[PDB]
Structure formats: structure tokens, C-alpha cells
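Virtual Cβ from ideal backbone geometry, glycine too; neighbours counted across all protein chains shown. Since every read-out is calculated from the coordinates, none of them should be taken as a lab result.
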Amino acid sequence: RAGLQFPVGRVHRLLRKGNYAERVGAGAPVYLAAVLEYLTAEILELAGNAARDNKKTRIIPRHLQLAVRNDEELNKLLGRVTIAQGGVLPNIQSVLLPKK
Amino acid sequence: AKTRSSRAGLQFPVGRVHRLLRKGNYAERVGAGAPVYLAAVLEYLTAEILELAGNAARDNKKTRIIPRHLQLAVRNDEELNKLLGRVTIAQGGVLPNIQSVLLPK
Amino acid sequence: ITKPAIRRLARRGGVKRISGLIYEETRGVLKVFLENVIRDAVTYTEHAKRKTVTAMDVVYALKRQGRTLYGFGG
Amino acid sequence: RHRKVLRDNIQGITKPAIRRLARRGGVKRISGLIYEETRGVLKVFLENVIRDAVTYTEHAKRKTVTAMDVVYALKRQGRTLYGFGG
Amino acid sequence: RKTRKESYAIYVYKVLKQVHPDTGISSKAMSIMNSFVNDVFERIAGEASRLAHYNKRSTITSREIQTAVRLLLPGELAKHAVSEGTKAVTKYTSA
Amino acid sequence: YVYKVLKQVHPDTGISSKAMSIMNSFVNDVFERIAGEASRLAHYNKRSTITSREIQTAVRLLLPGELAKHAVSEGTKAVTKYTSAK
Amino acid sequence: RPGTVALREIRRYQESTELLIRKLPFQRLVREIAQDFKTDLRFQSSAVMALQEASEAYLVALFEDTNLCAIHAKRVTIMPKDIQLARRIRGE
Amino acid sequence: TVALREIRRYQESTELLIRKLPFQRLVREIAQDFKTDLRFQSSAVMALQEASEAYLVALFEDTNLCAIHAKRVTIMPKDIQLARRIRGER
DNA sequence: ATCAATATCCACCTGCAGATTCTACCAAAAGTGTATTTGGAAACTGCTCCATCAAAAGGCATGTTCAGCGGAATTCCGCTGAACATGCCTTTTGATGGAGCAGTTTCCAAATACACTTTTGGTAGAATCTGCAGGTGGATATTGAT
DNA sequence: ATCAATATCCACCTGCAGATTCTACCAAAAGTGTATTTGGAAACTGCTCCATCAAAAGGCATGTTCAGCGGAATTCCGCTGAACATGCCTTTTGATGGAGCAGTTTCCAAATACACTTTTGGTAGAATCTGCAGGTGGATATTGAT
């Protein structure tokens, strides 16, 4: 009814049931759910593309890692976060490549 | 009356700590022992740092503890240095320390 | 924790050439790492009065070591 | 009314004072390019802290940045500061 | 015997389908997304909590969530996340 | 309170106002860190109450080896004494 | 050649996500270290896995920084002093 | 000889090493570019200076270690850059 | 290695800014004492899923051979900085208008608090479906020797 | 430049571990409606302390000269990593009792919520107290020139 896929009722309940404050205004959970949904859509959008580029229809951890570490901002948001089974970005120090 | 903080044998104020616990929204409920224990621990840590800072003041021929004495006491103590590893003490300076390779001769 | 495994880790890290002594140095670091994390994990275990270390105990320990890990609950 | 324009105040870090800070940090020899690199680093550092400090100020609907604001901004980013109010 | 277990999975699915209708997601990946939603939730709620405490307020309103977001999210995740949140509160009040 | 403890460990020592301000930041900082840990600890265990037991675990998680051991003893001792007072 | 074969290894392993230490050895290590904190403990399978994921992710990342210290030094071998530098600057 | 004399001298004193007034504009200047019409408590400016100087000193310590690692005694910009990259500033 | 030039160490001295000490008011605390409500330790128990064991699988330990890294010794260019002269602009002691933070009281939009009803997301057992991981074949790019 | 030994690619194939689909049960939510309460915005304003102008002077920045010497560039070569093929000892995979992780019930020690009584830690402010900053001078190194 706020036009969201994410659960406002659950978020509100969680906001209270978390001892964040004495009271929780009505708009807070709505605002918060919308933010969580947006960020979720943002990563899936990029992870989805990461899967397409590998000719796969199912998003796996690898695809979440590639999507996150290839986006400056998501990478910043998730700098102290480790994604299980995500691996690393292909990257070799220039000075380490063949003499040619 | 006695106040709690004699009941517990505790310079630090049990009453205030119990209150600060409540007003910090850390749980729905706060047991009666929680504030006694926490006040004891706080008193213990300030005793530890003051013991050490007082000594530093003494080694610098001073009677009054200043920020530098607090810093010297903290950085010279492995554990306090670790507990305060991400803390900056204003006007504390640093420990004297020159890398070996930089000395002459 | 064998030479070839440490070497494999180094490779994912983009390392090209490895000194002989690296391998004992790594083991020492891995041990200090595990010690720290497990100490906390076990402390959450004991607190909950269990005899089994749970994924969540590990996850919570990693988190407040500042090594947040996604994929194992929470 | 009022107001002078503030500009190129970055140049205020008086490349002694950059030398002095390096001395406290135990540095013996300094390359000539260090001064500009350091100003750049000090700029980024101040931008991030003031940005958060000012965000706390606006949230409270104040026009004055308080020592608390800065103290809170510093803690946000894991540079906790003792002794300026607590 | 119950012992049952809430999770953001369904609404991560949903969302997935608007953004990519033809794409699937493995179990391990869904678990990562769940951790991701819980982590962002706790980070945002925590900062909003501090914000209300700082200003001696008993209530966490959408205003705190907004400032929390501007503090936590980089430049342009903030920009968009803020508009998304304002939009939902607006489409909530006006209703 | 910081002043009372100072006199117990160094009867013949004072403390400047700035140092006192740093000590006040320290106590508040440690209080928040310990309480925060206790808070999460309770939630992780679906407990709505923070007891001396969470505080103790919070202290073991937060303090370095030797300081933990001694903090825990002082905490335990204060609760036991407090509990014995009719 | 020497270091060549290295290069293809970097290519390969980077771009796999599999674990790189063997499970049983890692499990024994985890249990041994834990026994020193509290005896007769059991581990959920997922707990040991979380530990192994975090440990390897930690080490890989440390090897990246170690490499930067080595090359900073105009070397291509990492040595122990590279790891130490990285950890010291890290604050570890 | 003079360098070492200076390290010992500064490593011990505690006073701020950057001129007060100059520091205090490019607080105002930077702040201004974020939001106009801001005022500053004088202690807010002092807190920023104490924090900025502590940060720079600690950064030079790390920079110093990076130069030494390279068998040098002059710190260069790349030492400061290596230190920040490892600190995950970078 | 003795000398000369200088910086550092250091105990003595005193004006004074910052601090330890009140007399007095007190709102906000903290403590005392029922009355009411309930979180969670404790005892008992069913179903997980963890530790253990044996057979099948495949990665690692090991010694020879040598490419080639990177420290050692040497060299010299050009940057860094000590010394010094000059004089700006920060620092300091003051004072003033007034922005704007913050204390106090008023009062309603919004949040809490049940109580009752509808819906729903999570769990469990069964059946069915499918993306893609390994496997094969054959092409061809890559690397190393000549 | 010319093969010769491999490694890497890609197009195709298909068995199955893991993902999707349909049914049925239900405690836990989440939505709804009524009644009671209250946090904190608004309007008024006391009063702190921020911005700013003033003027004086010396601490300290700036700019130049000139020499000390660090560090990059270069050549040399000792010896350590790494490639490689040999052999099996350890890890991996799948089958099985049983230890606990949890789900459920009971009920009391302990935590709210409420009404007063009393001890206390701030603080606004006039007045006395005192550690040490800071200027001074001379004994003691620490350097640099020879």
C-alpha cells in the first residue's frame, strides 16, 4: 500500500523489537523498507547482468561478488563485508606481466 | 538509607549507572546486578589508568596529571593500548620513538 | 595447512613469486587469526550455555572483529 | 553587509608545519613532493569529517557546528576523540 | 513443534523479478542477500538510534532514517535511496 | 568519582581539567561499548533482560586478557557483596 | 618457465571460488585451537565452513597487500617482512 | 643531525603543529562548500585540528615504515599512497 | 684525539592562570515500601545433525636441475636542507553587537495500549522439473627450443 | 622464422543435485477499531558565546645560496625458488548410533509501575590557594673540524 514489495509491517515490528528507541513513528518503517528494497534491487540488477555476461540464468555468489566489487559505491558500502564463495576480481599487477 | 554504591563497596555511582542503562535503550529490562557489575568494572579501569598516569606524572617531576601523562600511560601499556587502539587523546602527543636505521654512525 | 594450499591462496591474491619462509609466516598469521575469532565464538557459545559452536556464534564473532561475513545466517 | 571570499586556504599548512608533523611521526628525510600530497590527504580527511559533522548539525536544525557534532562525526568513522566533550 | 524462521527471501525474489524476470537465484545466493538486508537494516537503525539519542528524542521517525541513510550510504546510493524513501512515505500518507 | 579513585591510588596527585575531561570521555566510551555488547548479546539469545551475566560476557569479549580477568573479579565481587546486604 | 607457470595459476585460481585449504586439515586445526578455550566442544558443520571462508578470504586479501609491499620494494618475491609491514600498517 | 634533533624535540612536546588561524579557515572554507551560513563553536574547530594532526602524524609513521621498507630514508608520495592503500582508505 | 661551537640538561625562582575550597539553593536523583506482572531457569523429551568409521579417490611430498632474481659494490647527478636575512601575518589582549542556542510553558497530532478478526509467511512431505557442471572432441593459440 | 609440446577454447551432451510447483495445517502476524496518553513542535525569550574590528609585535614563514650525500642506474653472479615427473599417504565420500540442540510446560525469584521521603551532586559566584610555565644562567654533553 506504500507501493512496495518489502514488508512494512515486519520492518516496523523489527524496528521496535530491536530496542532502537522508545517509540517508532509510522513513517519510519515505510521509509526504511523502501530503502532496503531499493538497495536490494540495485544489487540484483547488477548481479543479474553479471550472470548474463557469463551465459547463466541463475545468480550465484560469484555473481554477487563481481557486481559488488565492480561498482565503486556498492564496493564502498560493503568494504568490510565478505561474501562467501564469491572469489576475487581477475587482476594481475602490471609489473608482474611478461616482459614481452 | 544507605546508597547502593556503599552496599556494593563501590566509589562509582551504581544508581546513575543503572539509570544510564535504562535510558540508553539497551534492553527492555535491566537486572539489579548489571549496574553493580558495570560500575565495578568502570571503577577498575579508571583506577588502572590513573595508577599508570600518576606514575608518568611522577617520572616527569609533576604533581598534576595532564593529557600527556594519560597518553604515556596508555601507549606504554600493551592492553590499555589495545583497548584504546582507535582512540585519540587530545594533547597527548606521541611516545618518543626513532626507527633504528635512522640513527647516525 | 600445506605449502601447496598456502601457495594457492597466494595465487588468488595475485602473487607471482614466493619466498621459502613465507609458508611458516602464513601459518603463524592464520593461527593468530583463528585464535582471535574462535575465542569470541566460544565465548558466545558458553554464554548461551551450549557445547556446540554454531555458525551464528562464528558470524557474530567475525562481525565485531570487523570481518562481517555474508551467507551463514544473519 | 559582510563577507570576504575564502579561497586557497589549503596553502596554510606551512610546509614546515608539514615538516613538523612528519618529525612527530618520526620522519627523518622528506621528498619535495610530500607537501602537495599531504595537503591533498588533509583535504580529503577534513571533507569526510566536516561532511558528517555538518550532517549532524542540520539534523538538529542548528546553524552552529558543535564540538559534539565533530566528536560524533569522528566516532562514526572510527577516529574516536577524547577530551572535547565526552 | 514449530521453531520457525522469518527471512527477507520472498521479497528479494519478488524484487529480483521486476528487475530481471527471466533470472533465477541459487540458495546460497539468497542467503547472501538475506545477510545483506539484515546488515543494512541494522546499520541504518543503529545510526538512527544514535541520532535520536544525540538529540534527546524518544522517537525514531522517517527523518532519522533519512539522516541515517545520508550518513551511511555513499554519495549516490544516498541520493536515490532518499528519493525512494520519500516517495514511499508520500505514497503512504496520501492514501 | 574519578577524583575519589585518584586519591585512593595517588593521594598526593591532582588532575588538570583537560585530563579530567579525557577521563570522562573514557568512562562514557567504555560504558557504551560494554552496554552495546551486552545489548546484542541479549538479542542474540532472545533475552529481554540485561543481567550481570551479559555484562560479564560483554567484558570478556571487549577487554584484553589481563584486564578482563581483573575486571571480572571486581565485578563478581561487587555483585556478591551487594547481594549479601540484607 | 619459473614464474610463467605461476602466471597461469593466478589466472586459474582468482577465477575459481572453491576453497584452497583442504577441509579435514582445517577442521583439525579449528578444533585444536578451540580445545584451548573450552574442552569437549562440538562444531556445527556450517560453523567450520564459515571459519574456513573467512580465514581464506582474510589470507587472500593479506597476500594482495603483501604483494604491493614486495613490488613497492622492486621485488617479485613476497617475503615475511612484506607480510609484517602489511599487518603493522593494518594495525594488526 | 638536525632532523634527529627535531624528531626528538617534537616527539615529546604535545602542542599543535599547524598555525591555528590558517587551519581554521579551511575548516570554514571546506565547510562552506558543503553548506553556507554555518557558524563554528571554537571548540569544534579545535577538535578538528586535534583529530587532523593525530591522523597526519600516525600517517607519517606508516609512511616512514614504507620508505624504510624500500631501503630509503626520504619519504615520497608513493610511500604515503602505499600506506593509505593498505589502510583500506585506498 | 684534543678543540671549538652549540645544543641539551636541570635545578632554582616567582608571577599567575587554572584549580581546590566553600556557603547556599535544589531540581533532579536515588532510596524505601507495598502491589502486580512475568521473564527465563529448570526438568523432561523428540528429532537433528554431529562425531566416528571404513572404503574409494586424488592431491601432495620429494630430489634433481637451473633460470634468473635481487643484493653487493660502484658511480655521480641533482635534490634536500642547513644557515641566514628579511619582514609578514599569526597571535594575543580587549571589547561589542547580536545571532542563535537553549530554558519554559502550552497543547494536539501522533504514538502507545489492549481487544478482536482476518491473512499469511514458514514448515513438512511428495512429485516433478531443469540449469549447468563436468566430460569429449577437435580446433587453434601460446610458449619454448632452434 | 620453423616445428613440437601443451594449454586453452568452444560447441555439444546429459545426469542430477538443487530449484520449482501444488497441497494442507496453523501459530504468529499484521490489519482494524476504540480509548488514553504524551513527545516534542511552536511561540516567547533569557543569555551565552560566536563573528568581527582594532592594534601591536615578535614568532615563524619565505626565499636564496650552496654543499652534503642519498638513491637510482648499472654491472656482476651466488644460490634460492620453481618446474617436473614418481609413489602413496591423507583427505574425501557416504553410512550410522547418540549427544545435545531445541520445543514445551511449569511457577517463583525478580523486574515493572506507582507514591513518597530524603540524600546529593550540580552550580552560580565571591575568595583564597598553589603547581608550574617560562625567563635565566651555568654545568654537561654532543657535534663537527682537523
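Here are the numbers for this structure:
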item	result
Helices (runs of 4 or more DSSP H) wholly inside region G:1-90 that include at least 1 residues being touching a helix residue (DSSP H, G or I) at 6+ places or on another chain (Cβ under 8 Å), surrounded by fewer than 16 Cβ atoms within 10 Å (Cβ to Cβ) and not polar (S, T, N, Q)	G:4-14, G:23-35, G:80-90
Near pairs, Cβ below 6 angstrom, 6+ apart or cross-chain, from region G:10-22 (within 15 Å of A:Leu96 (Cβ to Cβ)) to any residue that is assigned to a loop (DSSP other than H, G, I, E, B)	G:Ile10/A:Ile92; G:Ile10/C:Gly14; G:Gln14/A:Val88; G:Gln14/A:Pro90
Residue match in region E:63-83 (condition: on the phi > 0 side of the Ramachandran plot and of a type outside the set (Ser, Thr, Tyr))	no
Region E:44-77: number of residues that are under 17 Å from B:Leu21 (Cα atoms), within 13 Å of DNA strand J (Cβ to nearest atom) and not small (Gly, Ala, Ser)	4
Hey, F:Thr49 surrounded by fewer than 18 Cβ atoms within 10 Å (Cβ to Cβ) and either facing another protein chain (nearest Cβ under 7 Å) or away from DNA strand I (no atom under 16 Å from the Cβ) (or both) or not	yes
Of the criteria (1) within 25 Å of D:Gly78 (Cβ to Cβ); (2) within 14 Å of chain A (Cβ to nearest Cβ); (3) surrounded by 21 or more Cβ atoms within 10 Å (Cβ to Cβ), which one C:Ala55 fails	(1)
Breaking point among (1) more than 7 Å from every other protein chain (Cβ to nearest Cβ); (2) part of a helix (DSSP H, G or I); (3) not aromatic (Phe, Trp, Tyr), for C:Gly73	(2)
Any hit, region A:70-91, residues being without any contact (Cβ under 8 Å) to a residue 24 or more places away in the chain, over 28 Å from F:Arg40 (Cβ atoms) and away from chain C (no Cβ under 14 Å)	yes
Qualifying position, being over 25 Å from E:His80 (Cα atoms) and part of a helix (DSSP H, G or I), among E:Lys28, E:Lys2	E:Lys28
Options D:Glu47, D:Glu37: the member that is in a helix (DSSP H, G or I) and either more than 13 Å from DNA strand I (Cβ to nearest atom) or under 19 Å from D:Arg76 (Cβ atoms) (or both)	D:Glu47
Unmet requirement for B:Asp77, which otherwise passes all of (1) touching a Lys or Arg at 6+ places or on another chain (Cβ under 7 Å); (2) crowded, with 16+ Cβ neighbours inside 10 Å	(1)
Subset of region E:62-83 that is buried (at least 20 other Cβ atoms within 10 Å of the Cβ) and without any contact (Cβ under 8 Å) to a residue 12 or more places away in the chain - its residue that is farthest from the other protein chains (Cβ to nearest Cβ)	E:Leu73
Conditions (1) assigned to a helix (DSSP H, G or I); (2) more than 29 Å from B:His69 (Cβ to Cβ): number failed by F:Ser21	(2)
Test: residue in region B:81-98 that is surrounded by 15 or more Cβ atoms within 10 Å (Cβ to Cβ), more than 11 Å from DNA strand J (Cβ to nearest atom) and part of a helix (DSSP H, G or I)	yes
Residue satisfying all of: in region B:33-63; farther than 22 Å from F:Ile22 by Cβ and either more than 8 Å from DNA strand J (Cβ to nearest atom) or free of Cβ contacts under 8 Å to residues at least 12 places away in the same chain (or both); farthest from the other protein chains (Cβ to nearest Cβ) among these	B:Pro35
Residue tally, condition more than 27 Å from A:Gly18 (Cβ to Cβ), free of Cβ contacts under 8 Å to residues at least 24 places away in the same chain and crowded, with 17+ Cβ neighbours inside 10 Å, over region B:8-28	0
Region D:4-22, residues that are more than 8 Å from every other protein chain (Cβ to nearest Cβ), assigned to a loop (DSSP other than H, G, I, E, B) and near DNA strand J (Cβ under 9 Å from one of its atoms)	D:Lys4, D:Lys15, D:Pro16
Pairs where the first residue, in region H:54-75, is facing chain D (nearest Cβ under 8 Å) and the second is assigned to a helix (DSSP H, G or I) and of a type in the set (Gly, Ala, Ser), C-beta under 7 Å, 6+ apart	H:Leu59/H:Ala83; H:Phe60/D:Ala22; H:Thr63/H:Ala83; H:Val73/H:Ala67; H:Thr74/H:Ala67; H:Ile75/H:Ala67
